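Notes to accompany the following structure.
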Amino acid sequence: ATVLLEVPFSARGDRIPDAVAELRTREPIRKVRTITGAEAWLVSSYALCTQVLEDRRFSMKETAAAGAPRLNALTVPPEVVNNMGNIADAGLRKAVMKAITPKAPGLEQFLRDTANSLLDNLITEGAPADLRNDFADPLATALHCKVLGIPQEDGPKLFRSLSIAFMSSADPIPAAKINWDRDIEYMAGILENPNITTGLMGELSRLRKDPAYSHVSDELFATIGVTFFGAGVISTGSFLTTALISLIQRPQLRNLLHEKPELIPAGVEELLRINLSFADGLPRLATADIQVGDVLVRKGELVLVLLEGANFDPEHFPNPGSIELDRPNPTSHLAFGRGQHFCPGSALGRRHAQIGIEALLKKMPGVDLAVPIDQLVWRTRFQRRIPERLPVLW
Ligand code: HEM
Ligand SMILES: Cc1cc(O)ccc1C[C@@H]1NC(=O)[C@H](Cc2ccc(O)cc2)NC1=O
Numbered sequence: 003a004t005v006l007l008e009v010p011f012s013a014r015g016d017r018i019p020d021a022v023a024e025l026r027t028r029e030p031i032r033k034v035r036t037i038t039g040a041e042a043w044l045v046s047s048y049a050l051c052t053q054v055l056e057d058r059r060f061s062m063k064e065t066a067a068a069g070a071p072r073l074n075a076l077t078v079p080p081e082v083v084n085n086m087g088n089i090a091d092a093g094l095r096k097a098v099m100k101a102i103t104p105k106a107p108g109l110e111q112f113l114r115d116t117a118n119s120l121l122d123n124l125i126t127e128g129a130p131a132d133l134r135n136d137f138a139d140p141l142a143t144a145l146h147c148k149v150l151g152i153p154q155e156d157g158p159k160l161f162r163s164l165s166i167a168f169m170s171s172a173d174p175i176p177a178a179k180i181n182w183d184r185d186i187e188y189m190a191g192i193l194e195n196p197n198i199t200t201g202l203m204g205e206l207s208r209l210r211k212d213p214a215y216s217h218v219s220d221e222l223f224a225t226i227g228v229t230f231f232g233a234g235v236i237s238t239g240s241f242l243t244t245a246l247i248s249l250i251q252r253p254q255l256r257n258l259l260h261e262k263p264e265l266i267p268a269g270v271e272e273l274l275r276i277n278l279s280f281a282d283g284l285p286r287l288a289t290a291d292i293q294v295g296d297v298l299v300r301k302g303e304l305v306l307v308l309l310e311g312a313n314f315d316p317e318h319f320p321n322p323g324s325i326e327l328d329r330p331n332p333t334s335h336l337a338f339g340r341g342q343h344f345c346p347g348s349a350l351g352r353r354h355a356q357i358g359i360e361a362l363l364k365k366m367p368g369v370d371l372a373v374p375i376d377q378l379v380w381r382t383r384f385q386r387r388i389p390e391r392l393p394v395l396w
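Numbering (the entry's author numbering), first residue to last: 3 to 396.
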């Protein structure tokens, strides 16, 4: 006698389980059990993943409803699941999206300077170096302090909330509320701090005192800062970390991008496509009865959109495990989602990874793992897949 298939399948972020391909072929939508004990529909083909993400009747905000089947416990207030919707309703979407583009004057130069300084420090200390804790994550943190307009020295403390904030837990997490409340208090103080005049928080601080926004809540302004810092830092840091592994595992790609750095954007796009940083499918709750493939999903049921299901689907990306810089459909992957909730930080995430990789390949052309790849320790019960340390030599 066998139990219902459990998700997630593996916390390892360096390879996709052979099981995903068998599942996509045989049952591209099928029932699974989540860590909470709830049942859910796991969707694993490109066609069905796109269908779900483009149909707003599969709702993100409704996943936070009391009594719904859950992928994991909330680590944020329930109203925060609707964060982008609240931003839009407050009239703040254009201003927020403008503040988080990589086009702001000096931002890209700051990123390059920061990456080079981090790498110089590692070279001075000598191999082995930890490219997650001493490169990718500090680069992500520095970037988001700059984007938010907050002091660089405040980055590390905000960062240390994230190993709990992005847990994927069966049960509520007491530490998540402690850190959330503290970080909200911090951002509320930032909005009242007259020295904060640049970046996203500088812009929100101005709009907060503009008569057109006088009824927008101080809670929402603070929440934007906390959530954009957290989502951005965890997403860019984790993506860059696992992209570096994928590059290290491919010496000839590493050498091609070192020799022809103009190919780095196309390389980053393929690294995004094959990336396994999202540890769970994207959750949606059905608000109606909806046919998805051979399954009639019923109102109130949980659907999980498996990004690597779509992104390794050979019907859409032939030879899907191979990084090919000349695909005809290179940005059509789902690494940033699709539809209503498409990632607002997609351009910034691309530039973070492009600049980080360019800098690493220039400073450490001989970069290689300093331990056998099986020795990487993969974080469990987390919303991202990441190795606890990434030891390299060069
Ligand atoms: C490579 C880096 C990144 C990746 C791979 C990534 C991935 C994603 C994905 C897949 C979603 C869709 C989630 C869903 O539909 O359920 C998403 C949404 C989001 N991302 Fe990103 N992201 C990245 C960088 C960033 C950055 C830099 C920020 C902000 C600074 C950010 C903020 C957000 C926010 C706020 C949402 C929710 C948007 C909404 O609900 O409409 N992300 N991200
Ligand atoms: C737990 C948390 C702590 C934070 O500090 C910020 C945001 C999350 C939520 C978590 N993060 C994500 O990257 C995606 C996409 C997403 C949804 C809503 C959102 O506001 C931002 C992003 N979904 C999530 O459920």
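Backbone N, C-alpha and C define an ideal beta-carbon position, used for all residues, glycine too.
- A residue is called buried once 16 or more other Cβ atoms fall within 10 Å of its Cβ, and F344, having fewer, is exposed.
- Beta bridge pairing from DSSP links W182 with no other residue.
- Between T244 and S207, the CB-CB gap reaches or exceeds 8 angstroms.
- In the DSSP assignment, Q111 falls within the alpha helix (DSSP H) that extends over 109-127.
- Rounded to whole angstroms, the separation of the alpha carbons of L55 and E261 is 38 angstroms.
- Taking C-beta separations shorter than 7 angstroms and ignoring five residues to either side along the sequence, the partners of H335 in its chain run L274, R275, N313, following chain order.
- By the neighbour-count definition (other C-beta atoms within 10 Å, threshold 16), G232 is a buried residue.
- Inside the stretch 24-55, DSSP marks whole alpha helix (DSSP H) runs of 4 or more residues at positions 48-55, from first to last along the chain.
- Judged by DSSP in its simplified three-state form, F314 adopts coil rather than helix or strand.
- For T4, the number of other beta carbons within 10 angstroms of its own is below 16, and it is reported as exposed.
- The alpha-carbon of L222 is positioned some 14 angstroms away from that of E205.
- With 16 or more other CB atoms across the displayed protein chains lying within 10 angstroms of its CB, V235 is buried.
- Straight through space, the alpha carbons of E29 and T77 are spaced by roughly 31 angstroms.
- In the structure shown, the three-state DSSP call for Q377 is helix.
- Taking non-hydrogen atoms of ligand 1 into account, the C-beta of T238 is found less than 7 angstroms away from one of them.
- Within its own chain, the residues whose Cβ lies closer than 7 angstroms to the Cβ of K148, once the five positions on either side in sequence are excluded, are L109, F112, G201, listed in chain order.
- Following the DSSP letters along the chain, one finds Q254 inside the alpha helix (DSSP H) bounded by residues 253-261.
- Within the DSSP secondary-structure output, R286 pairs in a beta bridge with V305.
- Counting only the Cα atoms, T229 lies some 15 angstroms from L350.
- Looking at the DSSP output, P389 bridges to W380.
- Residue pairing from DSSP leaves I266 without any beta-bridge partner.
- In chain order, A138, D139, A142 place their CB closer than 7 angstroms to the CB of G239, counting only its own chain and leaving out the 5 sequence neighbours on each side.
- Of the candidates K179, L160, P176, the residue whose Cα lies closest to the Cα of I192 is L160.
- Shortest gap from the CB of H343 to any heavy atom of ligand 1: under 7 angstroms.
- Counting along the chain, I292 sits inside the beta strand (DSSP E) bounded by residues 292-294.
- A contact between stretches requires three or more CB pairs, one per stretch, nearer than 8 angstroms, and the stretch 176-184 fails this requirement with the stretch 117-130.
- Straight-line spacing of the CA atoms in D115 and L145 works out to 11 angstroms.
- Rounded to the nearest whole angstrom, the CA to CA distance from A106 to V22 is 40 angstroms.
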